């Protein structure tokens, strides 16, 4: 019953991911001074331009030129030869206050515990026992390939590497009563921006031997694995010069790589009152807690909200046939162990801390440092 499943990831210099990182750097900058800042920052990037736009109500005093240029510098775009330079790009800021019609409904006059959902929406959380981080192997490997290239770039071991990169991993799985077991790597794609000096054959050899073989467990690779390495043959123009970037255009990279499900909302640039983020984090937290408790091997959780209403409108659990308990029993477990109002989630998961720029590349899930990745011990 073998099947293929593909996931992709992108590196820190991918233009959409640049925007996610800048949006969350702005959020972090506000939260460091005003833990209750209301932030909805969209970032757009294209040749020579970063535009910040959206809605912020905050007591913080933030140097947006500094925050943006510091983020671009850290990513590695510091010269016109690379197509983008934090020293000389245009930074445009079009930031306004949050609509008062929204504020009066969501949070004005309310105790923090009672804050309403910042919008309507649906969110999903997912977990799978196929890896120790409870994530799909496809997306984890895709992230790790990009992170390895960034390490080799920053260390100087491969000086021809530039920050813009994309990876894609196809894994063959067998199924086991609703659970999924990875069996082998079927195909890997890597494209990474490079300078003019290096030759194509050298690049492909380095991506195989210093990237792929350093990251992918050898038991999954064999002589029939397909490798598309620098498949375009030339990737000198890159970053925002090659492709426009926008916040919230990598939402499947950010989450489960196509597994589970997604409700549509972007994460980056948004404070905790935006349930698109906080409730997706909470749903991941619930799903991972269910799997770690031995209640299932695979689980999808849906929650939904209405603007201004603190309590979820609906909660659903799907275990793909991998639980002995029924989904109505699991729902009982969830109601007895979690309170999914946004004003409680913020306390359980410490969502006012300025840690969001860390989440904006290499995935929001699967990384044990974050509070939604620490399972709650369940009573049942």
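Positions refer to the first chain, counted from 1.
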{"query": "Segment of higher mean CA temperature factor, 191 to 199 or 133 to 141", "finding": "191 to 199"}
{"query": "Mean C-alpha temperature factor, higher of 104 to 112 and 281 to 289", "finding": "104 to 112"}
{"query": "Top Cα B factor in the deposited entry, candidates 296, 261, 152, 226", "finding": "296"}
{"query": "From 60, 330, 67, 313, residue of greatest CA B-factor", "finding": "330"}
{"query": "Chain thirds of CA B-factor: placement of residue 173", "finding": "middle"}
{"query": "Within-chain third of residue 257 by Cα B-factor, per the entry", "finding": "lowest"}
{"query": "B-factor third for the C-alpha atom of residue 302 within its chain", "finding": "lowest"}
{"query": "Relative C-alpha B-factor of residue 348, binned into the chain's lowest, middle or highest third", "finding": "highest"}
{"query": "Residue 235 CA temperature factor, ranked by third within the chain", "finding": "middle"}
